[PDB]
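The next block is upload.txt, given as compact mmCIF, C-alpha atoms.
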# COMPACT_ATOMS: atom_id res chain seq x y z
CA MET A 1 107.17 145.45 102.19
CA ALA A 2 110.26 147.10 100.70
CA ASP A 3 112.76 148.90 102.91
CA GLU A 4 109.81 149.84 105.11
CA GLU A 5 107.50 148.38 107.75
CA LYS A 6 104.97 151.14 108.29
CA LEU A 7 101.83 149.84 109.96
CA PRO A 8 98.88 149.31 107.57
CA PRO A 9 95.88 151.70 107.50
CA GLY A 10 94.22 152.05 110.88
CA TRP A 11 96.89 150.19 112.83
CA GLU A 12 98.64 151.66 115.86
CA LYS A 13 100.97 150.44 118.61
CA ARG A 14 99.49 150.40 122.13
CA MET A 15 100.39 149.04 125.58
CA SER A 16 98.32 146.25 127.11
CA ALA A 17 96.94 146.37 130.64
CA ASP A 18 99.44 143.68 131.60
CA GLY A 20 102.53 145.38 130.18
CA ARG A 21 103.15 144.16 126.64
CA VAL A 22 103.01 146.12 123.41
CA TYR A 23 100.18 145.14 121.08
CA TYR A 24 98.54 146.46 117.95
CA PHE A 25 95.11 147.98 117.56
CA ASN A 26 93.26 148.90 114.40
CA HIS A 27 91.02 151.89 115.05
CA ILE A 28 88.89 151.22 111.96
CA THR A 29 88.21 147.48 112.40
CA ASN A 30 88.69 147.55 116.19
CA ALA A 31 90.89 144.45 116.01
CA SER A 32 93.54 143.88 118.69
CA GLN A 33 96.49 141.49 118.35
CA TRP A 34 99.89 140.77 119.85
CA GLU A 35 101.47 140.23 116.43
CA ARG A 36 102.83 143.23 114.53
CA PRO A 37 100.43 143.64 111.56
CA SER A 38 103.21 144.29 109.02
CA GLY A 39 106.94 144.14 108.41
CA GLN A 49 98.19 152.54 98.11
CA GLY A 50 94.41 152.66 97.98
CA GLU A 51 91.95 150.18 99.48
CA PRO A 52 90.42 147.29 97.52
CA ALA A 53 87.69 148.20 95.01
CA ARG A 54 85.44 145.43 96.33
CA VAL A 55 85.57 142.90 99.16
CA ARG A 56 83.75 139.76 100.18
CA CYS A 57 82.92 139.34 103.86
CA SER A 58 81.09 137.08 106.25
CA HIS A 59 79.83 138.36 109.60
CA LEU A 60 78.35 137.35 112.94
CA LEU A 61 75.76 139.80 114.24
CA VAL A 62 74.57 140.03 117.82
CA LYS A 63 71.50 142.22 118.09
CA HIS A 64 70.25 143.99 121.20
CA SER A 65 67.11 145.77 122.41
CA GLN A 66 68.25 149.01 120.77
CA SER A 67 68.80 147.43 117.34
CA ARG A 68 66.91 148.93 114.39
CA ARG A 69 65.06 145.62 114.07
CA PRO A 70 65.13 143.95 117.53
CA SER A 71 64.19 140.53 116.17
CA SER A 72 65.88 137.66 114.33
CA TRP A 73 65.47 134.09 113.11
CA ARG A 74 66.72 132.84 116.48
CA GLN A 75 64.64 135.17 118.67
CA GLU A 76 61.39 136.92 117.68
CA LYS A 77 61.88 139.47 120.46
CA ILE A 78 65.48 140.52 121.20
CA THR A 79 65.74 141.79 124.78
CA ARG A 80 69.45 141.65 125.63
CA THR A 81 71.11 144.98 126.39
CA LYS A 82 73.92 146.41 124.27
CA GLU A 83 76.26 145.55 127.14
CA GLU A 84 75.17 141.91 127.04
CA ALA A 85 75.56 141.90 123.26
CA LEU A 86 79.14 143.19 123.50
CA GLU A 87 79.89 140.53 126.12
CA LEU A 88 78.72 137.82 123.71
CA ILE A 89 80.71 139.35 120.84
CA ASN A 90 83.88 139.45 122.95
CA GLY A 91 83.22 135.84 123.91
CA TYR A 92 82.90 134.70 120.30
CA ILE A 93 86.09 136.57 119.36
CA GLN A 94 87.98 134.89 122.21
CA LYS A 95 86.61 131.47 121.23
CA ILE A 96 87.65 131.90 117.59
CA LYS A 97 91.14 133.16 118.50
CA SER A 98 91.67 130.29 120.95
CA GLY A 99 90.90 127.71 118.28
CA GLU A 100 88.05 126.12 120.22
CA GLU A 101 85.51 127.41 117.68
CA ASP A 102 85.62 128.55 114.06
CA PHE A 103 84.00 131.69 112.62
CA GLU A 104 81.67 129.91 110.18
CA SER A 105 80.29 127.53 112.81
CA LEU A 106 79.56 130.30 115.29
CA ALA A 107 77.98 132.49 112.62
CA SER A 108 75.67 129.72 111.41
CA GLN A 109 74.52 129.05 114.97
CA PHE A 110 74.53 132.41 116.77
CA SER A 111 74.35 135.26 114.26
CA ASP A 112 71.14 137.28 114.49
CA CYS A 113 71.41 137.98 110.76
CA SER A 114 69.57 135.79 108.25
CA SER A 115 73.00 135.43 106.63
CA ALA A 116 73.52 132.72 109.26
CA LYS A 117 71.98 130.39 106.67
CA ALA A 118 75.05 130.99 104.50
CA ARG A 119 77.46 130.59 107.41
CA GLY A 120 77.63 134.37 107.68
CA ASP A 121 78.56 135.04 104.05
CA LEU A 122 77.29 138.36 102.67
CA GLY A 123 78.90 137.99 99.27
CA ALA A 124 80.91 140.74 97.57
CA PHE A 125 80.15 144.44 97.86
CA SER A 126 81.41 147.94 97.11
CA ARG A 127 81.44 151.18 99.08
CA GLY A 128 78.01 152.72 99.62
CA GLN A 129 76.18 149.40 100.01
CA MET A 130 76.59 148.56 103.72
CA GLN A 131 76.20 150.68 106.87
CA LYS A 132 79.19 153.02 107.16
CA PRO A 133 80.90 151.52 110.23
CA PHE A 134 80.61 148.05 108.72
CA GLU A 135 81.88 149.27 105.36
CA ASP A 136 84.84 151.10 106.90
CA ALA A 137 85.91 148.02 108.85
CA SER A 138 85.42 145.71 105.87
CA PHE A 139 87.61 147.75 103.53
CA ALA A 140 90.35 148.12 106.14
CA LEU A 141 90.61 144.35 106.62
CA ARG A 142 93.07 142.38 104.53
CA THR A 143 92.12 138.99 103.11
CA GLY A 144 91.67 136.47 105.91
CA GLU A 145 91.52 139.09 108.67
CA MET A 146 88.81 139.36 111.32
CA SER A 147 87.56 142.57 112.89
CA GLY A 148 87.05 143.34 116.53
CA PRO A 149 83.58 144.51 117.72
CA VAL A 150 82.00 146.80 115.10
CA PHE A 151 78.88 148.77 116.08
CA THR A 152 76.11 149.68 113.60
CA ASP A 153 72.42 150.52 113.88
CA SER A 154 71.82 146.79 113.34
CA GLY A 155 73.77 145.68 116.41
CA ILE A 156 77.35 144.59 117.06
CA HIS A 157 79.30 142.66 114.43
CA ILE A 158 82.38 140.49 114.02
CA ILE A 159 83.54 140.70 110.38
CA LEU A 160 85.70 138.23 108.46
CA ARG A 161 87.07 139.27 105.07
CA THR A 162 87.20 136.25 102.77
CA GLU A 163 88.09 137.91 99.44

Target format structure tokens, applied to this file:
Amino acid sequence: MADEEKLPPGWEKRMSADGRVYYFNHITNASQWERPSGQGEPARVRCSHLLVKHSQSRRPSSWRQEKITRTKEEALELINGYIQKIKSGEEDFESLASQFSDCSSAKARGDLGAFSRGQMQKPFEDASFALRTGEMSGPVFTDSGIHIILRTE
């Protein structure tokens, strides 16, 4: 913020397939055209998430499908679709989570409440603590499936 515009933790400058610089966070897997900026992590964060399970999930079943049979590839395709829909403005995170998340948290519009380190699967935890308030992750893979994470607090 002061006299410096170093990129925040996990952020790096990359070149898009179509020729424009963009920014990628290697911890949250988020990609955006906007420069992310221009100190330790938070002690606790509150996040909501949208989970898309697949046949190789630890528990290949959910409230919206007793037997999950989609491949991991298909799951990623859906995740990328939801991310694109949210970024476009045609859909909002909460609505999509309540309708399509394979996690029971869908009942709470994806809200998982607040948590500390050591309470969620590592990849999910790493992404969550690297997000700033209001930020959304890119595709995050865990033994549960593929997630889209939104930090609310």

Can you build me a table of stretch 63-152 of chain A residues sitting at most 8 Å from stretch 18-49 of chain A, with the closest atom pair per residue and its distance in Å to one decimal, using only C-alpha atoms, sorted by chain and residue number, as a Markdown table?
| residue | atom | partner | partner_atom | distance |
| --- | --- | --- | --- | --- |
| A:136 | CA | A:28 | CA | 6.5 |
| A:137 | CA | A:29 | CA | 4.3 |
| A:138 | CA | A:29 | CA | 7.3 |
| A:140 | CA | A:29 | CA | 6.6 |
| A:141 | CA | A:29 | CA | 7.0 |
| A:146 | CA | A:31 | CA | 7.2 |
| A:147 | CA | A:31 | CA | 4.9 |
| A:148 | CA | A:31 | CA | 4.0 |
| A:149 | CA | A:30 | CA | 6.1 |
| A:150 | CA | A:29 | CA | 6.8 |

Skipping near chain neighbours, those fewer than 6 positions away, what residues fall within 12 Å of residue A:88 using all atoms listed in the file, listed as number ranges by chain?
A: 60-64, 80-82, 94-95, 106, 110-112, 149, 155-158

What's the separation between atom CA of residue A:161 and atom CA of residue A:102, in Å to one decimal place?
14.1 Å

In Å to one decimal, how far is atom CA of residue A:130 from atom CA of residue A:68?
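Going from atom CA of residue A:68 over to atom CA of residue A:130 covers 14.4 Å.
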
Save stretch 122-146 of chain A from what I just supplied, as a compact mmCIF listing (two decimals), in the first residue's frame, atoms limited to N, CA, C and O atoms.
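Dumped to selection-v6.txt:
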# COMPACT_ATOMS: atom_id res chain seq x y z
N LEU A 122 -19.83 -22.15 5.41
CA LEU A 122 -19.19 -23.15 6.26
C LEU A 122 -18.87 -22.56 7.63
O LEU A 122 -18.39 -23.26 8.52
N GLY A 123 -19.16 -21.28 7.80
CA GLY A 123 -18.86 -20.63 9.06
C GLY A 123 -17.38 -20.31 9.15
O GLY A 123 -16.64 -20.45 8.17
N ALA A 124 -16.93 -19.88 10.33
CA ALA A 124 -15.53 -19.52 10.54
C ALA A 124 -14.68 -20.72 10.96
O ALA A 124 -15.17 -21.64 11.62
N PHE A 125 -13.41 -20.69 10.57
CA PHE A 125 -12.51 -21.77 10.93
C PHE A 125 -11.05 -21.33 10.99
O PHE A 125 -10.69 -20.25 10.50
N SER A 126 -10.24 -22.15 11.63
CA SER A 126 -8.81 -21.89 11.79
C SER A 126 -8.04 -22.95 11.01
O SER A 126 -8.63 -23.88 10.44
N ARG A 127 -6.73 -22.79 10.97
CA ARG A 127 -5.86 -23.75 10.31
C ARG A 127 -6.00 -25.09 11.04
O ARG A 127 -6.27 -25.12 12.24
N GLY A 128 -5.83 -26.18 10.30
CA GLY A 128 -5.93 -27.51 10.88
C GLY A 128 -7.33 -28.07 11.01
O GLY A 128 -7.51 -29.13 11.62
N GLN A 129 -8.32 -27.40 10.43
CA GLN A 129 -9.70 -27.85 10.54
C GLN A 129 -10.35 -28.26 9.21
O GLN A 129 -11.39 -28.92 9.21
N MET A 130 -9.74 -27.87 8.09
CA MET A 130 -10.25 -28.22 6.77
C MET A 130 -9.15 -28.96 6.01
O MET A 130 -7.99 -28.92 6.42
N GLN A 131 -9.50 -29.63 4.91
CA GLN A 131 -8.49 -30.33 4.13
C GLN A 131 -7.44 -29.30 3.70
O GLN A 131 -7.79 -28.17 3.34
N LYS A 132 -6.17 -29.69 3.72
CA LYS A 132 -5.08 -28.77 3.39
C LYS A 132 -5.22 -27.86 2.17
O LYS A 132 -5.03 -26.66 2.27
N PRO A 133 -5.55 -28.43 0.99
CA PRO A 133 -5.68 -27.56 -0.19
C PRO A 133 -6.76 -26.50 -0.02
O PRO A 133 -6.62 -25.37 -0.48
N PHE A 134 -7.84 -26.87 0.65
CA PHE A 134 -8.96 -25.97 0.88
C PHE A 134 -8.53 -24.88 1.86
O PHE A 134 -8.80 -23.69 1.67
N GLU A 135 -7.84 -25.30 2.91
CA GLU A 135 -7.34 -24.40 3.93
C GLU A 135 -6.35 -23.40 3.34
O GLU A 135 -6.45 -22.19 3.58
N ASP A 136 -5.40 -23.89 2.55
CA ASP A 136 -4.41 -23.02 1.94
C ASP A 136 -5.07 -21.95 1.09
O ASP A 136 -4.73 -20.77 1.17
N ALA A 137 -6.02 -22.35 0.25
CA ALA A 137 -6.71 -21.40 -0.60
C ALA A 137 -7.50 -20.39 0.24
O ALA A 137 -7.42 -19.18 0.00
N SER A 138 -8.24 -20.89 1.22
CA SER A 138 -9.04 -20.02 2.08
C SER A 138 -8.23 -18.94 2.78
O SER A 138 -8.66 -17.78 2.82
N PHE A 139 -7.08 -19.29 3.32
CA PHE A 139 -6.28 -18.29 4.02
C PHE A 139 -5.48 -17.35 3.13
O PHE A 139 -4.92 -16.37 3.60
N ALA A 140 -5.45 -17.65 1.83
CA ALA A 140 -4.74 -16.81 0.87
C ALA A 140 -5.72 -15.84 0.20
O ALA A 140 -5.31 -14.93 -0.52
N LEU A 141 -7.01 -16.06 0.41
CA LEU A 141 -8.04 -15.18 -0.15
C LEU A 141 -8.21 -13.98 0.76
O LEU A 141 -8.05 -14.09 1.98
N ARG A 142 -8.53 -12.84 0.18
CA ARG A 142 -8.79 -11.65 0.97
C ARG A 142 -10.30 -11.56 1.06
O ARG A 142 -11.00 -12.24 0.30
N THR A 143 -10.82 -10.77 1.99
CA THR A 143 -12.27 -10.68 2.13
C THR A 143 -12.96 -10.33 0.81
O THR A 143 -12.55 -9.40 0.13
N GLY A 144 -13.99 -11.09 0.46
CA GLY A 144 -14.72 -10.85 -0.76
C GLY A 144 -14.16 -11.55 -1.99
O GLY A 144 -14.81 -11.55 -3.04
N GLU A 145 -12.98 -12.15 -1.88
CA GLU A 145 -12.39 -12.84 -3.03
C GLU A 145 -12.87 -14.27 -3.21
O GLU A 145 -13.25 -14.96 -2.26
N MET A 146 -12.85 -14.71 -4.47
CA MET A 146 -13.28 -16.05 -4.83
C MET A 146 -12.11 -16.80 -5.46
O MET A 146 -11.33 -16.24 -6.23
